[PDB]
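Only one chain is given next, in structure tokens, and it is the form deposited in one PDB entry.
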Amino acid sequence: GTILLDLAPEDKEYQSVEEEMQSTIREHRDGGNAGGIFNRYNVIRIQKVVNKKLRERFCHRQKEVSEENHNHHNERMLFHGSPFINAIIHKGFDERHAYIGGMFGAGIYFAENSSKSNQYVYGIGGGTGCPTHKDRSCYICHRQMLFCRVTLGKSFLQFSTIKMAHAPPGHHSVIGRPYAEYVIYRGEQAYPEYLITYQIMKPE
């Protein structure tokens, strides 16, 4: 049982999440082919995801990661876009659904930028876009993304395109740069904290 609690737009928590979502928009070298063309989002609602079993898996793993990393779990708030967003908020993140085609190997990817996670809301390369109008830049259909708690532990900073199946010895994640891509190889190293419902906006 998952419970979705609506945050009020007047709430400082809602405002912090939207600020983070809006302010991390950047330009992509694909000219918005995957996510669409926009400079801003229209945030419809923001919901806190509550699930006892998911919180327990996450908290149990944070404890293990801190023991291995001098009592530091090194948690970050990172974005995630997926066409499996409903399965995440009910069953959690699953490394058995790792992104094989990723630059840093078969892991679960998170972005520091909401605009990067938006390219994956309809699948790899933006897929076929919105189910209704098969448009990767649909401004009508409501999209969804997550703003997650990510247990990075001891991160391994990678610069090359070395594909890894697991984190290097002694490490709990991979940070990749040429923006930054965060990779985790265990589903229980991320909690889907907030479910953001939004639209991409057509510039005037």
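C-alpha atoms forming the largest set that superposes within 1.5 Å between two forms make up the rigid core. When you see a residue number, it is the position in the sequence shown, counting from 1.
Another form, the form deposited in another entry, is not on view; read the next lines as being about it.
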Problem set entry | Flagged residue of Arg149, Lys63, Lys163, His28 - C-alpha shift reaching 2 Å or more between this form and the one not shown, core superposed | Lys163
Exercise. Has the Cα of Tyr99 moved 2 Å or more between this form and the one not shown, judged after a core fit?
Worked result: yes
Exercise. Between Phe84 and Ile100, do the C-alpha atoms lie closer or farther in the other entry than in the shown form, with a difference of 3 angstroms or more?
Worked result: closer
For this session: Report the direction of the Cα distance change between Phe104 and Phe147 in the other entry, compared with the displayed form, as closer or farther; the change is 3 Å or more.
Result: farther
